[PDB]
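**Student:** Please find one structure pasted underneath; my questions will follow.
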Amino acid sequence: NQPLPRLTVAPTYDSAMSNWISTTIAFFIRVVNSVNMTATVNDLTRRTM
Amino acid sequence: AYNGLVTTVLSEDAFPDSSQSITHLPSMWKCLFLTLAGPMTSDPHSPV
């Protein structure tokens, strides 16, 4: 945690949440673009995921 | 004239609450009208 701000707030990506969220997506972009999904899932619908 | 018998303090509802920031526009006119009515009051704690 961090202490409470008193000015106008905006969604920032410095959080541990945003550290957790962005690195899962950075991990499942690797799983989707891995070799196992390449042999089965079609390449154009792999870009969609 | 009757200072010491009765002081005319700034009212309870005059002050902006101490959680609203300055960027709120109805909360700075509430401080502006307070400041101009500062020296008008016989409260000796008016400058603070």
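A note on labels: chains of the structure tokens are A, B, ... as shown, every chain counts residues from 1, and ligands are counted from 1 in their shown order.
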Which neighbours of residue 13 (chain A) fall inside 12 Å, counting only C-alpha atoms, when residues of the same chain fewer than 5 positions from it are skipped, and could you give them as a ChimeraX atom specification?
**Tutor:** /A:18-23
**Student:** I want to know what sits within 10 Å of residue 44 (chain B), based on only C-alpha atoms, with residues of the same chain fewer than 3 positions away left out; could you give that as a PDB file with N, CA and C atoms, in the first residue's frame?
**Tutor:**
ATOM      1  N   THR B   7     -18.498  38.869  20.791  1.00  0.00           N
ATOM      2  CA  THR B   7     -17.638  38.859  19.622  1.00  0.00           C
ATOM      3  C   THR B   7     -18.383  38.242  18.452  1.00  0.00           C
ATOM      4  N   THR B   8     -18.214  38.836  17.279  1.00  0.00           N
ATOM      5  CA  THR B   8     -18.901  38.387  16.073  1.00  0.00           C
ATOM      6  C   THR B   8     -17.954  37.478  15.288  1.00  0.00           C
ATOM      7  N   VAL B   9     -17.945  36.198  15.644  1.00  0.00           N
ATOM      8  CA  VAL B   9     -17.018  35.263  15.026  1.00  0.00           C
ATOM      9  C   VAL B   9     -17.507  34.889  13.633  1.00  0.00           C
ATOM     10  N   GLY B  38     -12.804  38.656   6.956  1.00  0.00           N
ATOM     11  CA  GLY B  38     -11.882  38.490   8.053  1.00  0.00           C
ATOM     12  C   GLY B  38     -11.757  39.695   8.966  1.00  0.00           C
ATOM     13  N   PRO B  39     -11.220  40.812   8.457  1.00  0.00           N
ATOM     14  CA  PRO B  39     -11.037  42.001   9.307  1.00  0.00           C
ATOM     15  C   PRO B  39     -12.329  42.671   9.732  1.00  0.00           C
ATOM     16  N   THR B  41     -14.662  41.118  11.289  1.00  0.00           N
ATOM     17  CA  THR B  41     -15.072  40.447  12.508  1.00  0.00           C
ATOM     18  C   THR B  41     -14.223  40.882  13.692  1.00  0.00           C
ATOM     19  N   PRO B  47      -7.560  36.335  12.035  1.00  0.00           N
ATOM     20  CA  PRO B  47      -6.448  36.172  11.080  1.00  0.00           C
ATOM     21  C   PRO B  47      -5.935  34.753  10.967  1.00  0.00           C
ATOM     22  N   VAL B  48      -6.162  33.915  11.968  1.00  0.00           N
ATOM     23  CA  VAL B  48      -5.711  32.533  11.900  1.00  0.00           C
ATOM     24  C   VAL B  48      -6.752  31.655  11.224  1.00  0.00           C
TER      25      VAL B  48
END
**Student:** Can you work out which residues from chain B touch chain A at a cut-off of 12 Å (counting only C-alpha atoms) and hand them back as a list in words?
**Tutor:**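 So the residues of chain B near chain A are residues 18, 19, 20, 21, 22, 23 and 24 of chain B.
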**Student:** Nearest to residue 37 (chain B) among B:25, B:14, B:6, B:1, with distances taken over only C-alpha atoms: which residue is it?
**Tutor:**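 Checking each candidate against residue 37 (chain B), we get B:14 as the closest.
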**Student:** Point out the residue among B:5, B:10, B:27, B:15 with the least atom-to-atom distance to residue 40 (chain B), counting only C-alpha atoms.
**Tutor:**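 Of B:5, B:10, B:27, B:15, the one nearest residue 40 (chain B), counting only C-alpha atoms, is B:10.
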**Student:** Pull the alpha helix (DSSP H) assignments for chain B out of DSSP run on the backbone, and list those residues as a PDB file with C-alpha atoms, in the first residue's frame.
**Tutor:**
ATOM      1  CA  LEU B  25     -14.347  25.829  -7.206  1.00  0.00           C
ATOM      2  CA  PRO B  26     -17.278  26.208  -4.722  1.00  0.00           C
ATOM      3  CA  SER B  27     -14.752  25.525  -1.949  1.00  0.00           C
ATOM      4  CA  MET B  28     -12.417  28.408  -2.819  1.00  0.00           C
ATOM      5  CA  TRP B  29     -15.117  31.075  -3.061  1.00  0.00           C
ATOM      6  CA  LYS B  30     -16.167  29.783   0.346  1.00  0.00           C
ATOM      7  CA  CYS B  31     -12.590  30.617   1.393  1.00  0.00           C
ATOM      8  CA  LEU B  32     -12.492  33.864  -0.604  1.00  0.00           C
ATOM      9  CA  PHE B  33     -15.634  35.289   1.005  1.00  0.00           C
ATOM     10  CA  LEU B  34     -14.193  34.209   4.330  1.00  0.00           C
ATOM     11  CA  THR B  35     -10.983  36.175   3.794  1.00  0.00           C
ATOM     12  CA  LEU B  36     -12.685  39.442   2.865  1.00  0.00           C
TER      13      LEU B  36
END
**Student:** To one decimal in Å, tell me the separation between CA of residue 16 (chain B) and CA of residue 10 (chain A).
**Tutor:**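 Going from CA of residue 16 (chain B) over to CA of residue 10 (chain A) covers 24.3 Å.
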**Student:** Quick one: pull the distance between CA of residue 15 (chain A) and CA of residue 29 (chain A), Å, one decimal.
**Tutor:**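 Result for CA of residue 15 (chain A) versus CA of residue 29 (chain A): 20.8 Å, one decimal.
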**Student:** May I ask for the distance between CA of residue 49 (chain A) and CA of residue 12 (chain A), given in Å to one decimal place?
**Tutor:**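 Between these atoms lies a distance of 24.8 Å.
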